[PDB]
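Shown next, in structure tokens, is the structure this report addresses.
Taken together, the values in this text are just the output of simple stated rules run on the coordinates, not laboratory data. Positions of Cβ are generated from backbone atoms using ideal geometry, with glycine treated the same way; all protein chains shown enter the neighbour counts.
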Amino acid sequence: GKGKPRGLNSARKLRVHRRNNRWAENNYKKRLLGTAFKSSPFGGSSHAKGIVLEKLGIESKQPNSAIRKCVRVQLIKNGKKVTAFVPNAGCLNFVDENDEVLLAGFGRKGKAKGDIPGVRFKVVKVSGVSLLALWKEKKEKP
Amino acid sequence: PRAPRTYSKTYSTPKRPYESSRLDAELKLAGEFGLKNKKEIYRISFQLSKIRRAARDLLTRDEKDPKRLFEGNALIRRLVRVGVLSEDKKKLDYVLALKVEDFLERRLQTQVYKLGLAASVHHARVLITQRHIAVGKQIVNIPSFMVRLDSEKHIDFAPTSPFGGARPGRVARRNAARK
Amino acid sequence: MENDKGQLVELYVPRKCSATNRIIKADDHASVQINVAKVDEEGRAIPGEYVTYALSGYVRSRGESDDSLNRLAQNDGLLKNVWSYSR
Amino acid sequence: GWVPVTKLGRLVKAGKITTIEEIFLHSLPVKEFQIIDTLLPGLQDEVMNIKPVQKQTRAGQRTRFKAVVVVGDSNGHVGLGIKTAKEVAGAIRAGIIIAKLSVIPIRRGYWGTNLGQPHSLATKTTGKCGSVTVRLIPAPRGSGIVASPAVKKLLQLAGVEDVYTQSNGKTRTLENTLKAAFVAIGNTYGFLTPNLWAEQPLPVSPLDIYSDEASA
RNA sequence: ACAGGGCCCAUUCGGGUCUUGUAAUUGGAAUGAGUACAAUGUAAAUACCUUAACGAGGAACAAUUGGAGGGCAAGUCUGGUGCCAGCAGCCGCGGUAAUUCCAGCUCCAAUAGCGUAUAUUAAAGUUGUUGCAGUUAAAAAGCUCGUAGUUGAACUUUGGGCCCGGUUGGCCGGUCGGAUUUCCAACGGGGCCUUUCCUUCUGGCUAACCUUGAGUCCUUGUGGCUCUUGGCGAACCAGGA
RNA sequence: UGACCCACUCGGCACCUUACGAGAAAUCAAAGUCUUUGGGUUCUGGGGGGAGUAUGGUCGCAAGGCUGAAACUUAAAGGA
């Protein structure tokens, strides 16, 4: 006689005692307050527009040393101030201050990647022309 | 607005992606049967996986119930017409013991090969894309065709075609216009 | 177990404890099968002819067997007494 | 040379016994291994997992290389064993034997629609080790071998061809997994369906039927 | 021009005769990207398609972007630097011979297209109903009662009897590759009857044979359907109860 | 009659032994009947911290409880 009511008329007490439970399970937490719209940068999104400030330097977390390349942004929305991260080379160079940049996630949700600490985004485009190209030289910049 | 026109993909990919398991039985397929891309091994795979349940579905009606027989005897005769399964096997039952590999022989791609009119499997194909082969007096330009058993004997070469008629064929309006 | 057309299609038929019509599943060791015996009408052991019966492992563990046979060759047609279906 | 040992060995060299289904009927032991070499030759091997341990000495860490080995053919015959050893070249090896004494039938059979030529099991079975639970289930025709790479493997060698599966069951334990699954197929035979009930009537044991050859 | 990877002989050369190949001399052929008469096209042109004239020899008419420890294809090449420059999505290189940095040669991958950042997807059985985990990894409420919610033992025609027909599968192909009959398996399905609701009454409706007024083409006959008369109601109109 | 012995049972409170099973294992007659994945239903968790804090809302006289963030930071923290 495990812990649940079982007979026939035990609809009522079931549609409640899952709907309570669900709570805790983290996911169903995000989706009811859902956080996504109020908290976090993109709100209910995937991508966005921003414009750079400084070119900050963030060393490592440690089993590592690794002085990586990050940029503060200004979005073109809530305004948060965010940092974000660059790929490939130096990549830095090609992000010349107060330029237009196109930001996206980091495929991890929330969370925070690899050897970087409070950091949660990547730089996809600039000006809107790739980075991918303004490192495999299929275009160049204005 | 208008009747929004209706369409299902045929493909159903795999559940695990990579495997030196199943992989090195596609490349034993392609290959041996012509084909091209993996977007063939998986078309079929779907359409067998399609039929397969309409059996499962039945079997679980009783036997004898109207629906079960009708499809079976309508289901079956659809596969007798395409050569797929024999005469002698059709109880129902049994269509289940049909692996990928039976269907492939009844693709025009290869039925040409066997009707040799083709060096290897290849010379079996350009041979289809290039308007060359023909069923009635009618061209077909697509490897995946599926051989309807009672045609088969009517498989050509057409009037149009260069290998049975209307003219020599381009490269010949050249060896006769430089001596 | 069999086909459509009377073809026994199996590895074998399992042998089944003789008092307990469970099963004997390959690698039992515990495993016995008895070969008691009969007398001929005389202190002479009858040869090439005997009873049979077949213990699981099952019950070797539980004391059981001694009282299970003492049902059965009294229950068969040799022994007299010791045993009771009314305890 | 083979050579022999025990009453059971001698017999099969000579060949007073023929098939493996003698031996699971009377349900013998098995100590020697050649005992199923002469018989089943069909037999083929397969290596699943070669992992290091470890028993950790005063200025070092000892190691072996569990292998774990599965053997059989197509026809209802699986083999399974697990001999650690040191270096691979005892470790597999006297795994391969470890499995061979553990050959075990199965009891391929019908889904429904009786038809002609066994493809699936007879019935639902389950197995348990520590954590894993395996729920093999009979599936109709070439449905498929519905499971992990490894289980597929086991189940091929043991044809068998088609059957649904499911786990529970930490099945990053390649070793406690197979342990289990194995203990279920080996247990098809250890499940009364109507078609057995017809009481069979005991043969006579080899241990005193060829009693004289069986000794010096 | 050599180098060869074969072969036929090698009593030792080496040639050789079917072959790829490193070439820094090579010479005949081939085209359009661009240029451009005309026609075209175009309301009007540009372009396309056509095409006279032109136009391919490397210093052209020149193809790039990203890497070359691992992940992950591919440099334990040369040069500089010495935990400083710098790289590195993560593991990590760099503190005097750096397979990672700067750069030379060399190779690898995509290739008129590559990279880069962001968001999303699959990967994710790390949101899960199918498919998770909750003895200690992060998780069984302190324990019990409870209004909802949710589930809820079994039992109320089974069996048998006759029909008649479909359309898969055999056995004849009946024939100048498909038409169908007997032989005959599978399999559905309508009847009807065995104590058998079919909401059921007023007509019209009958549609079927319990009918049979006559009988017989032909295998010495439960193989074949032309005809009105008593009598089948659910093949169905249409008002109700 | 009662204590007792034994035979049997139903209900306990545990224990030994196996492992056919399960597991990352240590071990487990339940953590078994789970990739052969599904008897009934209530709670909970989804990397480590920040922190069961700040906040609001509430029960208490108070101690305090129940409810319960985020920014930021980080490549491990952990189990056997």
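At a 10 angstrom cut-off on C-beta neighbours, averaged per residue, how do the peptides B:124-134, D:197-207, D:69-79 rank from highest to lowest? List each step's numbers first, then the result.
On the way: B:124-134: 18.1, D:197-207: 12.6, D:69-79: 21.7.
Top to bottom by mean Cβ count within 10 Å: D:69-79, B:124-134, D:197-207.
What ranking of A:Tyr28, C:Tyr85, B:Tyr94 emerges when the number of other C-beta atoms within 10 Å of each C-beta is taken as an exposure proxy, fewest first? Could you put the intermediate results ahead of the total?
On the way: A:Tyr28 13, C:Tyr85 6, B:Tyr94 16.
Fewest to most other Cβ atoms nearby, the residues stand as C:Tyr85, A:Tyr28, B:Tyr94.
Among B:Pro159, B:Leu108, B:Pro66, pick out the residue whose Cα is farthest towards the positive end of the charge dipole of chain B, where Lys and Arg carry +1 and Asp and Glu carry -1 on C-beta, about the Cα centre.
Working it through, the farthest residue towards the positive pole turns out to be B:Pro159.
Once you order the gyration tensor axes a ≥ b ≥ c over the Cα atoms, which shape class does segment A:28-89 get: rounded for a/c under 1.5, otherwise prolate or oblate by comparing a/b with b/c? All intermediate terms of the calculation are to be shown ahead of the outcome.
Working: a/c = 2.88, a/b = 1.58, b/c = 1.83.
Since a/c reaches 1.5 but b/c is at least a/b, the shape of segment A:28-89 is classed as oblate.
If you place +1 on the Cβ of every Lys and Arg and -1 on the Cβ of every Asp and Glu, how big does the dipole about the Cα centre of the protein assembly as shown come out, in debye to the nearest 20?
Working: 111 positive and 57 negative charges, 1103 e Å.
Approximately 5300 debye in magnitude.
Say the dipole of segment A:14-136 comes from +1 at the beta carbon of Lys and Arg and -1 at that of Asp and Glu; which of A:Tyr28, A:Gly110, A:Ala84 then lies farthest toward its positive end?
The residue sitting most towards the positive pole is A:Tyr28.
Computed FRET efficiency, Cβ-Cβ of C:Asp67 and D:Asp212, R0 30 Å: what is it to the nearest 0.05? It would help to have the intermediate numbers written out before the result.
Values: r = 36 Å, r/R0 = 1.20.
That pair, C:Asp67 with D:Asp212, gives E of 0.25.
Would you compute, for the Cα atoms of chain C, the largest minus smallest coordinate along each principal axis and list the three values in descending order, in whole Å?
For chain C, the Cα spread along each principal axis is 51, 33, 27 Å.
On average, how many beta carbons from a partner chain sit within 10 Å of the beta carbon of a residue in D:180-187?
Working: counts 0, 0, 0, 0, 0, 0, 3, 3.
Taking the mean over all residues of the peptide, I get 1.
Based on the alpha-carbon gyration tensor of chain D and its eigenvalue square roots a ≥ b ≥ c, which shape applies: rounded if a/c is under 1.5, prolate if not and a/b is larger than b/c, or oblate? Numbers along the way, then the final one.
On the way: a/c = 2.14, a/b = 1.05, b/c = 2.03.
Oblate, since a/c reaches 1.5 and b/c is not below a/b.
Would you order B:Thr6, D:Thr113 from fewest to most other beta-carbon atoms within 10 Å of each residue's own beta-carbon? Mind dumping the intermediate values first?
Details: B:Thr6 5, D:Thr113 16.
Ascending Cβ contact count within 10 Å gives the list B:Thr6, D:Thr113.
With the cut-off at 1.5 for a/c, could you classify chain B from its C-alpha gyration tensor as rounded, prolate or oblate?
Numbers: a/c = 2.15, a/b = 1.75, b/c = 1.23.
Prolate, since a/c reaches 1.5 and a/b exceeds b/c.
About the Cα centre of segment D:108-196, what is the dipole size in debye to 20, counting +1 per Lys and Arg Cβ and -1 per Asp and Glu Cβ, all else neutral?
Numbers: 10 positive and 3 negative charges, 50 e Å.
Dipole about the Cα centre, nearest 20: 240 debye.
At 7 Å along Cα-to-Cβ for each site, give me the label-to-label distance between B:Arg78 and A:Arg6 in nm.
4.7
Rank C:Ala30, C:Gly63, C:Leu79 by how far each Cα sits towards the positive end of the charge dipole of chain C (+1 on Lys, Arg Cβ; -1 on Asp, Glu Cβ) and give me just the farthest.
C:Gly63
Summing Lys, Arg as +1 and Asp, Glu as -1, what charge do residues with Cβ under 10 Å from the Cβ of C:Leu11 carry, C:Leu11 excluded?
Here the count lands on 0.
Tell me the net charge near A:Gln62. Cut-off is 15 Å between Cβ atoms, A:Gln62 excluded, with +1 for each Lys or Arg and -1 for each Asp or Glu. Don't skip to the answer; put the middle values down first.
Numbers: positive: A:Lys61, A:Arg68; negative: A:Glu59, A:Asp115.
Once all neighbours under 15 Å are counted, the net charge is 0.
Using Cβ contacts closer than 10 Å as the measure, can you line up D:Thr125, D:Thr57 from fewest to most? Before the final figure, lay out each step's value.
Working: D:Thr125 21, D:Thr57 7.
So the ranking, lowest neighbour count to highest, is D:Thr57, D:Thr125.
With the Cα gyration tensor of the protein assembly as shown in hand, convert its eigenvalues to equivalent ellipsoid semi-axes via √(5λ) and list them largest first in whole Å.
Working: eigenvalues 764, 368, 170 Å².
Each semi-axis is √(5λ); the values are 62, 43, 29 Å.
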